[PDB]
Amino acid sequence: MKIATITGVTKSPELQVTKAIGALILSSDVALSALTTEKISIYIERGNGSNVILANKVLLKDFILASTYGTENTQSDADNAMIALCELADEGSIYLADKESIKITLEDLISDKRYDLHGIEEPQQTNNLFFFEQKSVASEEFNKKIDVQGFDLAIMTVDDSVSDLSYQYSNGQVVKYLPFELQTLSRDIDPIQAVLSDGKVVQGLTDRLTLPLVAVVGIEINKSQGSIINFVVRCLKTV
Amino acid sequence: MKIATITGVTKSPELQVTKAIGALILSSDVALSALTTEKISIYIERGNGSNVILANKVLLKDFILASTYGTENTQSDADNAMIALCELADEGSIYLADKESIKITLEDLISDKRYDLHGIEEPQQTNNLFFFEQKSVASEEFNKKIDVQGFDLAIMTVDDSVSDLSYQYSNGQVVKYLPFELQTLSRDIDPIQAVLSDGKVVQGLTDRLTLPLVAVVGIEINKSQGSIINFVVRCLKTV
Amino acid sequence: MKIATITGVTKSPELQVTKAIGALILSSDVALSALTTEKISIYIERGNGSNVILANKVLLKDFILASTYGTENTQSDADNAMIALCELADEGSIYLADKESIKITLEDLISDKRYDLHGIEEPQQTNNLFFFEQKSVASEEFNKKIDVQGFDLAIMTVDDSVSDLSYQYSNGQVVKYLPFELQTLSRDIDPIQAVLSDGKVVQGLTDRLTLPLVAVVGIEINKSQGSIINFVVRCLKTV
């Protein structure tokens, strides 16, 4: 069902959903490439316990790209320049116990734009949920190793100062990759990334890269100074 | 083989095919979005028993859309502005006895256009066939229940007077959607509906909506008064 | 890794690859429709006797079209006008026994265009390899039968003289197709052959057609005199 419509304000109010949903539809008149600083934060609140945080100030571009990788792609309409569907659980929907609800907030919005939220319910309830985490490589340092065991998808910020990537697999084999090779490998699973309103397609953003991780237990990044690199990693687990 | 080429008239001659075909190819110089009133009628004239009716004046837009849902789409050559492949059977082709035939006819054409029919033969024979049925919702009706048990695909005429549509599943849950929610959810299965000659792609017609029915046993329509809603449903069965 | 950057010459030198690779990346500033006479030759050199010939002076267009059939398609970029990923083995990379290495070369290049090779490494090794063969039908004859058993993919040249293409399957059934029917049927599996730089798509090349051979043991060509018809077939086998 329709959740909220935000316009004319920089910060969206705390939105509460008491109905068990399975996915969220984000629709806005801002094109996906034009999104700059919008952030989202979704979690599950319990009456007599600690909250369960699924996302925490995740960038809208990273959230959309992580949630729409595969056969699907973000679409458009005559009135909305961006429509995306992002699922919060595998197969079924989220099971809500007593005194349990869902809370969604939006931050860093543009004054003269529009945003909408829609909730998508399912005929089933499941215990598996999606979590989003962030890993940063600082600008001052040169190389860094980050452990991505248990994750199945990552989003890299694309920059020209990054030179080398290293993948360590489960069987201990280490493979060397370049940004060009990584982009070409990524575009062999989901060729088209988005469809524009006028009819043209875009096969990938110029500042984000979607890395599918299978049997990967580590990522080493070799770069130079002057820029900060960010990874948005997605995982599935039972709460 | 080439069945017919029709131009200059408003009604097709009663065409007959004796060879066992499994699929039809409809080609025309009229774009997919420019089809208005053309209709098709297909039926197999059996010799031992009753005849088989596969399509009874089905509108050409819905006939094309109900067959090209999934990995495929309707294409366009440099000469023909619309080419579509529509299957009449499952896997193999239609099994025909010594003197049986398949009779096809077209109605409500345009005198300054051209329509071309092709038939595809297949190595195997089968008895399973696809049936296209038509359902209607009256102008004075408020809410209506339709049993879609056994079907797997429907096409509805998109109208502004339709408020809600509710899916009833096999296990007994009822989920109420919206037109926008249904469009978004259906666009994630076949993100591309057609490809134009100039290279632009179209992700969906603005006046038809395709609904895939998986484990769905009921459809409830809630709308206002003053319009007739049209559904074209496809089913697979053995005759 | 980086293999070669050929520019300013009409013939690339012999290139040796010592470590195991499983896929090549061909990149250039000429689009898929701008490749005319470029040829590629890949083989495996054994130190003490005999070589394994995978591809010998195969046209670059046919090599690219025989590898990117299916979900994938040839990519573009803001700098590279064509990128194509062609796998040289199934699943893993090519296993190398004692004292052998891969060797690649190019012929018939345009002296004012840029070509680039990249290699892809994998964490697995395999024995299966992809072999490419070429078949021809002369210009002074009318009909001819060719035997394609064991090949899973073929590429034929498209000419106006081709009238009928008869298939012969493993169960003995014979089906006669037309060029239009073949073109329509081949686009039901891969509807998009390439994605252009500006955001448009192309569903196929004008002079080349791709035929997937499943349960097919023979082909017959009925054509008029005037043009030589060329086939490039791909097979998978162990070495």
# chains A, B, ... in the order shown; residues from 1 in each chain; ligands from 1
$ interface_residues --of "chain C" --to "chain B" --cutoff "10 Å" --atoms "only C-alpha atoms" --output "JSON, numbers by chain"
{"C": [71, 167, 168, 169, 170, 171, 172, 173, 174, 175, 176, 177, 178, 180, 181, 182, 183, 184, 185, 187, 188, 189, 190, 191, 192, 195, 196, 199, 200, 201, 202, 203, 204, 206]}
$ residues_around --residues "residue C:9" --least-positions-apart "2" --cutoff "6 Å" --atoms "only C-alpha atoms" --output "PyMOL selection string"
chain C and resi 7+11+111
$ atom_distance --atom1 "atom CA of residue A:154" --atom2 "atom CA of residue A:218"
12.0 Å
$ atom_distance --atom1 "atom CA of residue B:129" --atom2 "atom CA of residue B:61"
20.1 Å
$ select_by_dssp --residues "stretch 142-228 of chain B" --states "alpha helix (DSSP H)" --output "PyMOL selection string"
chain B and resi 179-186
$ residues_around --residues "residue B:6" --least-positions-apart "5" --cutoff "7 Å" --atoms "only C-alpha atoms" --output "PyMOL selection string"
chain B and resi 12+114-116
$ atom_distance --atom1 "atom CA of residue A:145" --atom2 "atom CA of residue A:179"
16.7 Å
$ select_by_dssp --residues "stretch 125-215 of chain B" --states "strand (DSSP E)" --output "PDB file with N, CA, C and O atoms, in the first residue's frame"
ATOM      1  N   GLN B 125       5.170 -33.979 -32.539  1.00  0.00           N
ATOM      2  CA  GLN B 125       3.734 -33.758 -32.495  1.00  0.00           C
ATOM      3  C   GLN B 125       3.256 -33.818 -31.051  1.00  0.00           C
ATOM      4  O   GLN B 125       3.824 -34.536 -30.223  1.00  0.00           O
ATOM      5  N   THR B 126       2.207 -33.056 -30.752  1.00  0.00           N
ATOM      6  CA  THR B 126       1.679 -33.007 -29.398  1.00  0.00           C
ATOM      7  C   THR B 126       0.185 -32.723 -29.445  1.00  0.00           C
ATOM      8  O   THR B 126      -0.347 -32.245 -30.448  1.00  0.00           O
ATOM      9  N   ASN B 128      -1.234 -31.122 -26.496  1.00  0.00           N
ATOM     10  CA  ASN B 128      -1.444 -29.974 -25.626  1.00  0.00           C
ATOM     11  C   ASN B 128      -1.516 -28.696 -26.452  1.00  0.00           C
ATOM     12  O   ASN B 128      -0.661 -28.449 -27.305  1.00  0.00           O
ATOM     13  N   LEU B 129      -2.535 -27.881 -26.192  1.00  0.00           N
ATOM     14  CA  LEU B 129      -2.780 -26.668 -26.952  1.00  0.00           C
ATOM     15  C   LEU B 129      -3.072 -25.508 -26.012  1.00  0.00           C
ATOM     16  O   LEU B 129      -3.434 -25.691 -24.843  1.00  0.00           O
ATOM     17  N   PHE B 130      -2.915 -24.301 -26.553  1.00  0.00           N
ATOM     18  CA  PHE B 130      -3.178 -23.060 -25.840  1.00  0.00           C
ATOM     19  C   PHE B 130      -4.532 -22.508 -26.263  1.00  0.00           C
ATOM     20  O   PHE B 130      -4.831 -22.431 -27.459  1.00  0.00           O
ATOM     21  N   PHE B 131      -5.339 -22.122 -25.282  1.00  0.00           N
ATOM     22  CA  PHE B 131      -6.658 -21.553 -25.505  1.00  0.00           C
ATOM     23  C   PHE B 131      -6.692 -20.128 -24.976  1.00  0.00           C
ATOM     24  O   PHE B 131      -6.182 -19.848 -23.885  1.00  0.00           O
ATOM     25  N   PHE B 132      -7.296 -19.234 -25.758  1.00  0.00           N
ATOM     26  CA  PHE B 132      -7.448 -17.825 -25.410  1.00  0.00           C
ATOM     27  C   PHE B 132      -8.925 -17.553 -25.155  1.00  0.00           C
ATOM     28  O   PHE B 132      -9.742 -17.613 -26.080  1.00  0.00           O
ATOM     29  N   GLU B 133      -9.266 -17.248 -23.908  1.00  0.00           N
ATOM     30  CA  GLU B 133     -10.633 -16.931 -23.523  1.00  0.00           C
ATOM     31  C   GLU B 133     -10.754 -15.450 -23.196  1.00  0.00           C
ATOM     32  O   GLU B 133      -9.767 -14.774 -22.895  1.00  0.00           O
ATOM     33  N   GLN B 134     -11.986 -14.951 -23.251  1.00  0.00           N
ATOM     34  CA  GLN B 134     -12.278 -13.542 -23.029  1.00  0.00           C
ATOM     35  C   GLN B 134     -13.254 -13.396 -21.870  1.00  0.00           C
ATOM     36  O   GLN B 134     -14.256 -14.115 -21.802  1.00  0.00           O
ATOM     37  N   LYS B 135     -12.958 -12.462 -20.968  1.00  0.00           N
ATOM     38  CA  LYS B 135     -13.784 -12.179 -19.805  1.00  0.00           C
ATOM     39  C   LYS B 135     -14.105 -10.692 -19.773  1.00  0.00           C
ATOM     40  O   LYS B 135     -13.311  -9.861 -20.220  1.00  0.00           O
ATOM     41  N   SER B 136     -15.278 -10.358 -19.239  1.00  0.00           N
ATOM     42  CA  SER B 136     -15.751  -8.982 -19.250  1.00  0.00           C
ATOM     43  C   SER B 136     -16.334  -8.608 -17.897  1.00  0.00           C
ATOM     44  O   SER B 136     -16.906  -9.444 -17.193  1.00  0.00           O
ATOM     45  N   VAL B 137     -16.175  -7.336 -17.543  1.00  0.00           N
ATOM     46  CA  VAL B 137     -16.789  -6.741 -16.363  1.00  0.00           C
ATOM     47  C   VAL B 137     -17.652  -5.578 -16.829  1.00  0.00           C
ATOM     48  O   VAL B 137     -17.168  -4.685 -17.536  1.00  0.00           O
ATOM     49  N   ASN B 143     -18.050  -4.565  -7.833  1.00  0.00           N
ATOM     50  CA  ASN B 143     -17.005  -5.534  -7.552  1.00  0.00           C
ATOM     51  C   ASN B 143     -17.356  -6.855  -8.218  1.00  0.00           C
ATOM     52  O   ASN B 143     -18.527  -7.225  -8.320  1.00  0.00           O
ATOM     53  N   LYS B 144     -16.327  -7.558  -8.681  1.00  0.00           N
ATOM     54  CA  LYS B 144     -16.557  -8.815  -9.384  1.00  0.00           C
ATOM     55  C   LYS B 144     -15.454  -9.813  -9.071  1.00  0.00           C
ATOM     56  O   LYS B 144     -14.275  -9.455  -9.024  1.00  0.00           O
ATOM     57  N   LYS B 145     -15.847 -11.069  -8.875  1.00  0.00           N
ATOM     58  CA  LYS B 145     -14.927 -12.163  -8.593  1.00  0.00           C
ATOM     59  C   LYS B 145     -14.804 -13.054  -9.822  1.00  0.00           C
ATOM     60  O   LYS B 145     -15.814 -13.422 -10.428  1.00  0.00           O
ATOM     61  N   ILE B 146     -13.570 -13.393 -10.185  1.00  0.00           N
ATOM     62  CA  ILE B 146     -13.284 -14.267 -11.314  1.00  0.00           C
ATOM     63  C   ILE B 146     -12.372 -15.388 -10.835  1.00  0.00           C
ATOM     64  O   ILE B 146     -11.356 -15.132 -10.176  1.00  0.00           O
ATOM     65  N   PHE B 151      -5.455 -21.096 -15.267  1.00  0.00           N
ATOM     66  CA  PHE B 151      -4.797 -20.198 -16.200  1.00  0.00           C
ATOM     67  C   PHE B 151      -3.384 -19.881 -15.720  1.00  0.00           C
ATOM     68  O   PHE B 151      -3.003 -20.171 -14.583  1.00  0.00           O
ATOM     69  N   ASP B 152      -2.595 -19.277 -16.607  1.00  0.00           N
ATOM     70  CA  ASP B 152      -1.250 -18.862 -16.245  1.00  0.00           C
ATOM     71  C   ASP B 152      -0.882 -17.469 -16.735  1.00  0.00           C
ATOM     72  O   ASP B 152       0.227 -17.012 -16.447  1.00  0.00           O
ATOM     73  N   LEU B 153      -1.765 -16.780 -17.454  1.00  0.00           N
ATOM     74  CA  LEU B 153      -1.445 -15.460 -17.975  1.00  0.00           C
ATOM     75  C   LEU B 153      -2.734 -14.750 -18.360  1.00  0.00           C
ATOM     76  O   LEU B 153      -3.633 -15.362 -18.945  1.00  0.00           O
ATOM     77  N   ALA B 154      -2.812 -13.462 -18.032  1.00  0.00           N
ATOM     78  CA  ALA B 154      -3.967 -12.648 -18.375  1.00  0.00           C
ATOM     79  C   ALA B 154      -3.498 -11.296 -18.890  1.00  0.00           C
ATOM     80  O   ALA B 154      -2.386 -10.856 -18.609  1.00  0.00           O
ATOM     81  N   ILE B 155      -4.360 -10.650 -19.668  1.00  0.00           N
ATOM     82  CA  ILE B 155      -4.133  -9.293 -20.151  1.00  0.00           C
ATOM     83  C   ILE B 155      -5.395  -8.490 -19.889  1.00  0.00           C
ATOM     84  O   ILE B 155      -6.477  -8.866 -20.350  1.00  0.00           O
ATOM     85  N   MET B 156      -5.258  -7.386 -19.166  1.00  0.00           N
ATOM     86  CA  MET B 156      -6.382  -6.536 -18.821  1.00  0.00           C
ATOM     87  C   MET B 156      -6.259  -5.186 -19.511  1.00  0.00           C
ATOM     88  O   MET B 156      -5.157  -4.664 -19.714  1.00  0.00           O
ATOM     89  N   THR B 157      -7.410  -4.633 -19.882  1.00  0.00           N
ATOM     90  CA  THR B 157      -7.457  -3.280 -20.424  1.00  0.00           C
ATOM     91  C   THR B 157      -7.321  -2.283 -19.280  1.00  0.00           C
ATOM     92  O   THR B 157      -8.146  -2.267 -18.360  1.00  0.00           O
ATOM     93  N   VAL B 162     -10.681   1.713 -12.548  1.00  0.00           N
ATOM     94  CA  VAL B 162     -10.344   0.562 -11.717  1.00  0.00           C
ATOM     95  C   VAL B 162      -9.590   1.054 -10.489  1.00  0.00           C
ATOM     96  O   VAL B 162      -8.554   1.715 -10.607  1.00  0.00           O
ATOM     97  N   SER B 163     -10.109   0.731  -9.306  1.00  0.00           N
ATOM     98  CA  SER B 163      -9.484   1.161  -8.060  1.00  0.00           C
ATOM     99  C   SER B 163      -8.535   0.101  -7.510  1.00  0.00           C
ATOM    100  O   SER B 163      -7.342   0.361  -7.332  1.00  0.00           O
ATOM    101  N   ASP B 164      -9.048  -1.099  -7.244  1.00  0.00           N
ATOM    102  CA  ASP B 164      -8.246  -2.132  -6.605  1.00  0.00           C
ATOM    103  C   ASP B 164      -8.441  -3.470  -7.298  1.00  0.00           C
ATOM    104  O   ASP B 164      -9.489  -3.743  -7.891  1.00  0.00           O
ATOM    105  N   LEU B 165      -7.414  -4.310  -7.199  1.00  0.00           N
ATOM    106  CA  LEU B 165      -7.485  -5.689  -7.652  1.00  0.00           C
ATOM    107  C   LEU B 165      -6.836  -6.557  -6.584  1.00  0.00           C
ATOM    108  O   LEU B 165      -5.741  -6.246  -6.110  1.00  0.00           O
ATOM    109  N   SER B 166      -7.516  -7.630  -6.197  1.00  0.00           N
ATOM    110  CA  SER B 166      -7.094  -8.477  -5.093  1.00  0.00           C
ATOM    111  C   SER B 166      -6.837  -9.888  -5.595  1.00  0.00           C
ATOM    112  O   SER B 166      -7.685 -10.479  -6.271  1.00  0.00           O
ATOM    113  N   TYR B 167      -5.665 -10.417  -5.255  1.00  0.00           N
ATOM    114  CA  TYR B 167      -5.288 -11.788  -5.559  1.00  0.00           C
ATOM    115  C   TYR B 167      -5.655 -12.681  -4.382  1.00  0.00           C
ATOM    116  O   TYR B 167      -5.324 -12.366  -3.234  1.00  0.00           O
ATOM    117  N   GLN B 168      -6.333 -13.790  -4.665  1.00  0.00           N
ATOM    118  CA  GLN B 168      -6.586 -14.833  -3.682  1.00  0.00           C
ATOM    119  C   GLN B 168      -5.781 -16.061  -4.076  1.00  0.00           C
ATOM    120  O   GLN B 168      -5.964 -16.601  -5.176  1.00  0.00           O
ATOM    121  N   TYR B 169      -4.905 -16.500  -3.177  1.00  0.00           N
ATOM    122  CA  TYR B 169      -3.965 -17.573  -3.448  1.00  0.00           C
ATOM    123  C   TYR B 169      -4.530 -18.919  -3.009  1.00  0.00           C
ATOM    124  O   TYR B 169      -5.600 -19.014  -2.405  1.00  0.00           O
ATOM    125  N   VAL B 174      -5.277 -13.318   0.989  1.00  0.00           N
ATOM    126  CA  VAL B 174      -5.802 -12.332   0.053  1.00  0.00           C
ATOM    127  C   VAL B 174      -4.920 -11.094   0.125  1.00  0.00           C
ATOM    128  O   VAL B 174      -4.674 -10.566   1.215  1.00  0.00           O
ATOM    129  N   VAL B 175      -4.444 -10.636  -1.032  1.00  0.00           N
ATOM    130  CA  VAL B 175      -3.552  -9.485  -1.120  1.00  0.00           C
ATOM    131  C   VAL B 175      -4.162  -8.466  -2.070  1.00  0.00           C
ATOM    132  O   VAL B 175      -4.468  -8.793  -3.221  1.00  0.00           O
ATOM    133  N   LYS B 176      -4.316  -7.231  -1.602  1.00  0.00           N
ATOM    134  CA  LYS B 176      -4.923  -6.162  -2.386  1.00  0.00           C
ATOM    135  C   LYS B 176      -3.829  -5.264  -2.952  1.00  0.00           C
ATOM    136  O   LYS B 176      -3.053  -4.677  -2.193  1.00  0.00           O
ATOM    137  N   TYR B 177      -3.776  -5.150  -4.277  1.00  0.00           N
ATOM    138  CA  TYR B 177      -2.773  -4.354  -4.957  1.00  0.00           C
ATOM    139  C   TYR B 177      -3.375  -3.030  -5.427  1.00  0.00           C
ATOM    140  O   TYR B 177      -4.511  -2.681  -5.097  1.00  0.00           O
ATOM    141  N   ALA B 194       8.966  -4.569 -26.371  1.00  0.00           N
ATOM    142  CA  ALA B 194       9.183  -4.537 -27.811  1.00  0.00           C
ATOM    143  C   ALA B 194      10.423  -3.714 -28.126  1.00  0.00           C
ATOM    144  O   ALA B 194      10.866  -2.889 -27.324  1.00  0.00           O
ATOM    145  N   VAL B 195      10.970  -3.948 -29.316  1.00  0.00           N
ATOM    146  CA  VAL B 195      12.136  -3.235 -29.823  1.00  0.00           C
ATOM    147  C   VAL B 195      11.755  -2.588 -31.147  1.00  0.00           C
ATOM    148  O   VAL B 195      11.218  -3.257 -32.036  1.00  0.00           O
ATOM    149  N   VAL B 201      13.673   0.929 -27.317  1.00  0.00           N
ATOM    150  CA  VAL B 201      12.885  -0.169 -26.774  1.00  0.00           C
ATOM    151  C   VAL B 201      11.708   0.412 -26.009  1.00  0.00           C
ATOM    152  O   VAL B 201      11.768   1.529 -25.483  1.00  0.00           O
ATOM    153  N   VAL B 202      10.617  -0.349 -25.964  1.00  0.00           N
ATOM    154  CA  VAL B 202       9.439   0.008 -25.184  1.00  0.00           C
ATOM    155  C   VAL B 202       9.175  -1.105 -24.179  1.00  0.00           C
ATOM    156  O   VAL B 202       9.183  -2.291 -24.531  1.00  0.00           O
ATOM    157  N   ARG B 208      -2.616  -1.597 -22.071  1.00  0.00           N
ATOM    158  CA  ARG B 208      -2.764  -3.005 -21.730  1.00  0.00           C
ATOM    159  C   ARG B 208      -1.825  -3.343 -20.583  1.00  0.00           C
ATOM    160  O   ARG B 208      -0.752  -2.750 -20.448  1.00  0.00           O
ATOM    161  N   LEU B 209      -2.233  -4.301 -19.755  1.00  0.00           N
ATOM    162  CA  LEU B 209      -1.403  -4.767 -18.653  1.00  0.00           C
ATOM    163  C   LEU B 209      -1.403  -6.286 -18.631  1.00  0.00           C
ATOM    164  O   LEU B 209      -2.467  -6.906 -18.686  1.00  0.00           O
ATOM    165  N   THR B 210      -0.218  -6.882 -18.539  1.00  0.00           N
ATOM    166  CA  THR B 210      -0.073  -8.330 -18.530  1.00  0.00           C
ATOM    167  C   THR B 210       0.192  -8.811 -17.110  1.00  0.00           C
ATOM    168  O   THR B 210       1.130  -8.345 -16.456  1.00  0.00           O
ATOM    169  N   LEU B 211      -0.635  -9.741 -16.641  1.00  0.00           N
ATOM    170  CA  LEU B 211      -0.542 -10.282 -15.293  1.00  0.00           C
ATOM    171  C   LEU B 211      -0.185 -11.760 -15.359  1.00  0.00           C
ATOM    172  O   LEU B 211      -0.959 -12.556 -15.921  1.00  0.00           O
ATOM    173  N   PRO B 212       0.968 -12.172 -14.830  1.00  0.00           N
ATOM    174  CA  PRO B 212       1.260 -13.607 -14.705  1.00  0.00           C
ATOM    175  C   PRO B 212       0.621 -14.175 -13.445  1.00  0.00           C
ATOM    176  O   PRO B 212       0.757 -13.613 -12.355  1.00  0.00           O
TER     177      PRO B 212
END
$ residues_around --residues "residue A:49" --least-positions-apart "6" --cutoff "12 Å" --atoms "only C-alpha atoms" --output "NGL selection string"
:A and (97-100)
$ write_last_selection --atoms "N, CA, C and O atoms" --output "tab-separated table (two decimals), in the first residue's frame"
chain	number	residue	atom	x	y	z
A	97	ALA	N	6.01	-10.12	15.24
A	97	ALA	CA	5.53	-10.61	16.52
A	97	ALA	C	4.81	-9.47	17.25
A	97	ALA	O	4.51	-8.43	16.67
A	98	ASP	N	4.52	-9.67	18.53
A	98	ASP	CA	3.81	-8.66	19.31
A	98	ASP	C	4.70	-7.44	19.54
A	98	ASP	O	5.90	-7.56	19.78
A	99	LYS	N	4.08	-6.26	19.46
A	99	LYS	CA	4.77	-4.98	19.70
A	99	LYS	C	5.97	-4.81	18.77
A	99	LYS	O	7.02	-4.31	19.17
A	100	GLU	N	5.80	-5.21	17.51
A	100	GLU	CA	6.86	-5.16	16.52
A	100	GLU	C	6.36	-4.43	15.28
A	100	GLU	O	5.28	-4.74	14.77
$ residues_around --residues "residue B:102" --least-positions-apart "6" --cutoff "8 Å" --atoms "only C-alpha atoms" --output "MDAnalysis selection string"
chainID B and resid 16:18 42:45
